[PDB]
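sharing the initial chains of the complex here, in place:
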Amino acid sequence: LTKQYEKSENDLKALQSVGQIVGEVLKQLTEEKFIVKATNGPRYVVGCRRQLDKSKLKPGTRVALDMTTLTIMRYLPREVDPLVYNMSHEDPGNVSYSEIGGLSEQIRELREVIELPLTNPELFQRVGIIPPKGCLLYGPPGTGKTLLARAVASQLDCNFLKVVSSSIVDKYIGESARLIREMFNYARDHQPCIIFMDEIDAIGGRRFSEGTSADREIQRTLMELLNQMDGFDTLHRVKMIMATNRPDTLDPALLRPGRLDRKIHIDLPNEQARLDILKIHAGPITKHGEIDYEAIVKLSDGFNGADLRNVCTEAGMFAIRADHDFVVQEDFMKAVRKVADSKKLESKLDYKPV
Amino acid sequence: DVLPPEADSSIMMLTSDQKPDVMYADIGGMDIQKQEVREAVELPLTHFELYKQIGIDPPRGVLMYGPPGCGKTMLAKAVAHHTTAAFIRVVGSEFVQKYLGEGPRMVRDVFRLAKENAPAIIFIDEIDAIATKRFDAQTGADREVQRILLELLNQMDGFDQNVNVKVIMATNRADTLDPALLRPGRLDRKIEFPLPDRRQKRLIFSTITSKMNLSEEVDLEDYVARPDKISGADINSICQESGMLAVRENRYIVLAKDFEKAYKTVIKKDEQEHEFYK
Amino acid sequence: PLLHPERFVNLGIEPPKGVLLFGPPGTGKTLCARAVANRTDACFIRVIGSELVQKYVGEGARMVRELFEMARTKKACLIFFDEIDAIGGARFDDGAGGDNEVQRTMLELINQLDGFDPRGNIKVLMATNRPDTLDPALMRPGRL
Amino acid sequence: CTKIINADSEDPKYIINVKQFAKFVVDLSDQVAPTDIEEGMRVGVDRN
């Protein structure tokens, strides 16, 4: 008949297939005896087919097995642990470094840590100095540390990884360090990788002494990340970026150089820094051509890099009132005084560097 | 059937391509402890009868400690390259899995692997995850942590008083530990890795600055003069940042202004005191 | 209301589902509670005031959840609380490193008592000897 | 005994877990009608 016939015979063909057990090979016993471990539990000794290229079956590899006879079927690449899949190819597209403004000094210092050693590795060799491994961002909130990470993410898109730093913990005594094992093993397999560890202050912190058995697991997740940072096996083409709001509460073993080579400071924006931020955010606004940004930037001191985006948002709200369509500079002066009214119940951040 | 004596261990040796290529002469200014760790590992292989005719009761383990970044992991990394005996390295917090008793089971698998293979050197970095004095807080998780210590303490006592499985382990805080780990019949030999002094700063600076250019207009002893509580890792960060600064100016030659900007970048967060107190 | 749901329907009012008892010790609050549980024609559920204070974090909110769900399952039950100062009346922050978990339990109670689809035809009795160190959210009518 | 989590439409097709054994997709027997079979209560399941 039509394709209903051809779909049916492939449907009946597929049902005769069976599953296969997944296991790992410990060592090679003889030319036909192989000791394997099923990952759910018990270990066995098995044999190959005849032509599976037994030189390739190395200790530690992953391989499939049959059900009844339990013999070696086909070697497979290393596992990916689909929690790691959810943080690898998940980021939507972002526009480039044009939207971020006023941080051009801190922009270039991150470029020299990440992009330059992989694009131009010869020039560091010519001097003969190993490039730095990782960098740390810190500062008051709302100045764009996460947006800076989005700018680097949509720049070459090498192997960018987004750690939430709160799903690292779990309900069991294990499975927290074991996820960090599979993350860096995924980092070793794909060599030019970038790890982004946002909000480290959850998992990180200081070293206690007989606090709580709950803190013992959070610490056991902590100094494991210290160990896989430098440890025994050094890293290659792996750069880790981490950001927080309080750098004083971090561990001194976390903040020592070698694991965090350069500390990057992001501060509250200056007069010209608040000016061109406002130029970017007021770009797609159908304003009437009388707007003067100089008076607007004058009554905004101590603002973040994000309250100015709220200022641009609130001016359209006053345009929405009586549906005036065009935005008039009087609404910009009115919306500024509304925002600075709200910025009086959250202050005194000023955390000590490093 | 009877297998060959190590078949399932689920942990392998340091192979032959995993040598981390750190030379002994790469380490500068550690001869008070490089020589100590050399005589505490390979020397009692031959001279074992000299302990018995004097009565020192030769040690099995040595525990390193110090401020975080004085050179602890690299010395263990250094002796992995220049050993002829087998070497086994394990993560200090990898036997914490979510089953019943796989922790003590794989700890027994390590020492069985270490005994039957060779007179090997077992290195277990960061034991603070396991070696806490603590107490039996009835939560459902601490009992496996304690019995891992009990399995570790039972197996470090009675090998034969002749097998040359040397044990080496290292922390940064050697205070939150059970006192039986620092007791005889177990890991006894004590070495501290303190912050360097003026002479050892010269040796670390000369070794690191022997591979890039250093045009002769750069003084080296003038940066040694300010004490500033400089660790081992701060020297490498100074040389990297000064090199990266010269990279940024499209220059392959390190100058004296590069070291000054590196010195301000690495160490400036110390000036916090009020004038009227003194 | 639990025996004559005829007067309030024709007069169109609502009964005060929360009543607080207070006074000097040994005056009859326990006797009034037993007298209420005498002729209740309903299900009576007593609460020890320090039962909710527990060692692990967050379990007291689970007791309040299961308690109000058991209240919602049957028809027209009566909650009795005794010694409400143990559950919590203060809102201290003067270096707020002291009690916070029992504040979370009180907050989950405070939320389940009122607002966003309220409980229904249940009533709440409370009793304490010092009704001056209590939460102003508790003293707000609609709950007490 | 078992715990139900999700119910499908038209056809019953309930997603279920036992306590720690496994999770399944099952049907109700002819002994009971499909009315008091809502999500979030324990239900007994034949072992075969």
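That came in fine, so what should we check first? Numbering: from 1, shown residues only, chains lettered A, B, ... in the order given.

for the one helix or strand residue B:146 maps to, which positions count as buried?
Using DSSP states H and E, residue B:146 maps to helix B:142-154. Neighbour-count burial for helix B:142-154 flags B:142, B:144-146, B:148-149, B:151-153 (criterion: 16 or more other C-beta atoms under 10 Å in any protein chain shown). For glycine as for every other residue, the C-beta is placed from the backbone atoms N, C-alpha and C.

go on, stretch B:47-59?
B:58-59.

outside of it, which residues touch it?
Stretch B:47-59 is touched from outside by B:40, B:44, B:162, B:184, B:187-189, with contacts defined as C-beta atoms under 8 Å, 6 or more residues apart in numbering or on different chains.

recalculate using a threshold of 6 Å.
Residues outside stretch B:47-59 that contact it (C-beta atoms under 6 Å, 6 or more residues apart in numbering or on different chains): B:44, B:188-189.

buried residues in stretch A:110-130?
In stretch A:110-130, counting by 16+ other C-beta under 10 Å, buried: A:110, A:112-114, A:116-117, A:124, A:127, A:129.

that older thread, can I get the CA coordinates of the helix holding residue B:146 in CSV?
C-alpha atoms of helix B:142-154 as CSV (Å, rounded to 0.1, in the frame of the first residue of the first chain):
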residue,chain,number,x,y,z
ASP,B,142,29.0,10.2,60.2
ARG,B,143,29.2,6.5,61.1
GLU,B,144,30.6,5.6,57.7
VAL,B,145,33.0,8.5,58.0
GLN,B,146,34.2,7.2,61.4
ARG,B,147,34.5,3.6,60.3
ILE,B,148,36.5,4.7,57.3
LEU,B,149,39.0,6.2,59.8
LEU,B,150,38.8,3.0,61.8
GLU,B,151,39.5,0.9,58.7
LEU,B,152,42.4,3.3,57.9
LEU,B,153,43.8,3.2,61.4
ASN,B,154,43.6,-0.6,61.6
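
so which of the buried residues of helix B:142-154 reach chain A?
By C-beta under 6 Å from any C-beta of the partner chain, the members of those lying near chain A are residue B:142.

ok, so of the buried residues of helix B:142-154, who is nearest residue D:45?
Set against residue D:45, the nearest of these by C-beta to C-beta is residue B:144 (33.7 Å).

which one of the contacts of stretch B:47-59 is nearest to chain A?
Nearest to chain A among the contacts of stretch B:47-59 is residue B:189, at 21.7 Å by C-beta to the nearest C-beta.

tell me the spacing between that closest one and residue B:64.
10 Å (C-beta to C-beta, to the nearest Å).

okay, chain E goes in next:
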Amino acid sequence: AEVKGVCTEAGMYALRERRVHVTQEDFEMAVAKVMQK
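One more chain to add, chain E, which I have set with the ones above:
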């Protein structure tokens, strides 16, 4: 408690001299090194 460490590290310093002897200068350096810590 430090006297035991004095004797063991005195034996250590005697062993570095490649002798079965335990000399006086071994004890002097023993006191100095143990006292230092």
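
take the contacts of stretch B:47-59 again, chain E included.
B:44, B:188-189, E:8, E:11, E:20.

just the buried residues of these.
B:44, B:188-189, E:8, E:11.

which among the residues you listed gets closest to residue A:197?
Nearest to residue A:197 among the buried ones among the contacts of stretch B:47-59, with distances taken as C-beta to C-beta, is residue B:189, at 37.5 Å.

which residues touch residue C:24?
Here residue C:24 is in contact with no residues (criterion: C-beta under 6 Å, 6+ apart).

can you classify it as helix, strand or coil?
State at residue C:24, reduced to three classes by DSSP: H, G, I helix; E, B strand; the rest coil: coil.

ditto for residue A:8
Per three-state DSSP, residue A:8 ends up helix.

how many residues are close by it?
Residue A:8 has 11 neighbours, counted by other C-beta atoms under 10 Å in any protein chain shown.

circling back to that earlier point, any chance of the contacts of stretch B:47-59 in CSV, with secondary structure and distance to chain A too?
CSV is the format used below for these (DSSP: H, G, I helix; E, B strand; the rest coil; distance: C-beta to the nearest C-beta, whole Å):
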residue, secondary structure, distance to chain A
B:44, helix, 25
B:188, coil, 24
B:189, strand, 22
E:8, helix, 29
E:11, helix, 33
E:20, coil, 39
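
got the contact list for residue A:63?
Applying C-beta under 6 Å, 6+ apart, the residues contacting residue A:63 are A:25, A:75.

ok, it to chain B distance?
To chain B, residue A:63 is 15 Å away according to C-beta to the nearest C-beta, to the nearest Å.

which element, helix or strand, includes that residue?
Per DSSP H and E, residue A:63 falls inside strand A:62-65.

likewise for residue D:15?
With DSSP H and E as the test, residue D:15 turns up in strand D:14-17.

just the buried residues of that strand, please?
For strand D:14-17, by 16+ other C-beta under 10 Å, it's D:14, D:16.

so what touches that strand?
Contacts with strand D:14-17, where a contact means C-beta under 6 Å, 6+ apart, come from D:2-7, D:23-26.

switch the cut-off to 10 Å
Strand D:14-17 is contacted from outside by D:2-8, D:22-28, D:34, D:37, D:39, D:43, D:45, using C-beta atoms under 10 Å, 6 or more residues apart in numbering or on different chains.

please state the offset of it from the chain centre?
5 Å (C-alpha atoms, centre = their mean, to the nearest Å).

need the CA coordinates for that strand. PDB is fine.
The C-alpha coordinates for strand D:14-17 follow below in PDB (Å, rounded to 0.1, in the frame of the first residue of the first chain):
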ATOM      1  CA  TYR D  14      -1.200   5.900  35.600                       C
ATOM      2  CA  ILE D  15       2.500   6.600  36.300                       C
ATOM      3  CA  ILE D  16       3.400   5.000  39.600                       C
ATOM      4  CA  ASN D  17       6.200   4.100  41.900                       C
END
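
please slot chain F in as well:
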Amino acid sequence: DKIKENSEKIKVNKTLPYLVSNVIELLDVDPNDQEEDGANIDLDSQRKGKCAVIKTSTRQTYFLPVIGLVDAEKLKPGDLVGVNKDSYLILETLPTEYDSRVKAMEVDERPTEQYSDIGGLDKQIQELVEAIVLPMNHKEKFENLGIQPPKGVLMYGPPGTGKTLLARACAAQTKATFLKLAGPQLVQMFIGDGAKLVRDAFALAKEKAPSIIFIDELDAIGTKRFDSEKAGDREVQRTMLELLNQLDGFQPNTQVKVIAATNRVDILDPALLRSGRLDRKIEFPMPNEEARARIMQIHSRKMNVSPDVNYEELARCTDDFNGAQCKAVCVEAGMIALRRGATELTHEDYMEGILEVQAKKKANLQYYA
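That brings us to chain F, laid onto the chains above:
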């Protein structure tokens, strides 16, 4: 007939008790050098299609060469599939199920409250409609000016002024998937389980694309993070840092609108007052004069009221009250008429309700004036 017999044989094999499982990742197997005839195998080199690896519900991960009666392109790692019991072959793709606590908080009762019952606050109801109702109804009006939709509203004040009315009002009007969340529901037993809870909470709001999430009593989880001890605060700060990143920052979303409420704001972290977390800060003062006379008029709508009462005298006499206290005046006044049995009210019914609400203790103040 010939094809329908094959259609009959397919439905025979899929009986009903399918085990469920998770898909780990999808693979693809290349052919080998030369497969020997007389010892060849179909489930090998001669399969250029797709493949998958599946972890079962019994924590045993198996492998399958043929995916089966599912299109391969629809499957993504992290999904749930209805595999068999013997061949362990994929049969059906199920809707993804969530945590049992997450499955309970969907607003299904659909309450009904109009805006006229919150008389006294018409300035605050103007912007609260503005920051919520306009984006999911008029996308084209905001897009013509083209700036950004709002993100989050904080409502706060003294606890009697009335804030849960406006939360219940917006669930009454909008036909979006309103979602209800409490403060201390997020604080859980073990470590973890709050990070999983908020992530599951936002995931349920993703598929129901017009949705409002409401968080009540934000001062429970969301206290000021400082240098302290113990594990009680550190678990809450772990869930707060999970909340802030999933709300604004990486992966921005328009389709989820968050509403937060509290009674104190000095305790909240300043990171809650950032860009997209809390957009507007809304006050709720105590009712002054005409709001108090408006409140008693609203609540006494059902009650039989004698038509010689003037509410301005009540509003003048009742001082330092709120919405709930003026509500309690009306209920108490209606009972006093029931005590004497009179149907319609009077002025002195209200005044005795006033004297009960103030809760004045025994005085002995007879040495004044």
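
with chain F now part of the structure, what is the answer for the contacts of strand D:14-17?
D:2-8, D:22-28, D:34, D:37, D:39, D:43, D:45, F:17-18, F:20, F:57, F:80, F:82, F:94-95, F:97.

and the top strand by length along chain F, which strands flank it?
Secondary structure of chain F per DSSP state E: the longest strand is strand F:18-27. Applying DSSP bridges, strand F:18-27 is found paired with strand D:23-26 (antiparallel), strand F:51-56 (antiparallel), strand F:80-83 (antiparallel).

format these as JSON lines; extra columns: mean neighbour count.
Compiled in JSON lines, the strands paired with strand F:18-27 are given as follows (neighbours: other C-beta atoms under 10 Å in any protein chain shown):
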{"stretch": "strand D:23-26", "mean neighbour count": "20"}
{"stretch": "strand F:51-56", "mean neighbour count": "20"}
{"stretch": "strand F:80-83", "mean neighbour count": "22"}
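
would JSON lines of those strands with distance to residue B:4 be doable?
Formatted as JSON lines, the strands paired with strand F:18-27 follow (distance: least, C-beta to C-beta, whole Å):
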{"stretch": "strand D:23-26", "distance to residue B:4": "41"}
{"stretch": "strand F:51-56", "distance to residue B:4": "31"}
{"stretch": "strand F:80-83", "distance to residue B:4": "38"}
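
how near is the spatially closest residue to residue B:184 that is not a sequence neighbour to chain F?
Nearest residue to residue B:184, sequence neighbours excluded (C-beta to C-beta, 6 or more residues apart in numbering or on different chains): residue B:57, at 6.9 Å. Separation of residue B:57 from chain F (C-beta to the nearest C-beta) stands at 43 Å.

same check, this time on residue A:303
According to C-beta to the nearest C-beta, residue A:303 and chain F sit 12 Å apart.

where's the closest residue to that residue other than its chain neighbours, which helix or strand?
Excluding the flanking residues, the one nearest residue A:303 by C-beta to C-beta, 6+ apart is residue A:274, at 6.5 Å. Per DSSP H and E: residue A:274 is located in helix A:271-281.

which strand or helix spans residue F:305?
Applying DSSP H and E as the criterion places residue F:305 outside every helix and strand.

would you mind measuring from it to residue F:334?
Distance of residue F:305 to residue F:334, given as C-beta to C-beta: 9 Å.

all strands of chain B, in order?
B:61-65, B:87-90, B:121-125, B:166-170, B:189-192.

looking at these, which is nearest to residue A:262?
strand B:121-125 (25.5 Å).

sec struct for the spatially most central residue of chain C, please.
A centroid search over chain C (C-alpha atoms, centre = their mean) returns residue C:124, at 4.8 Å, as the residue closest to the centre. Recorded secondary structure, residue C:124: strand (three-state DSSP).
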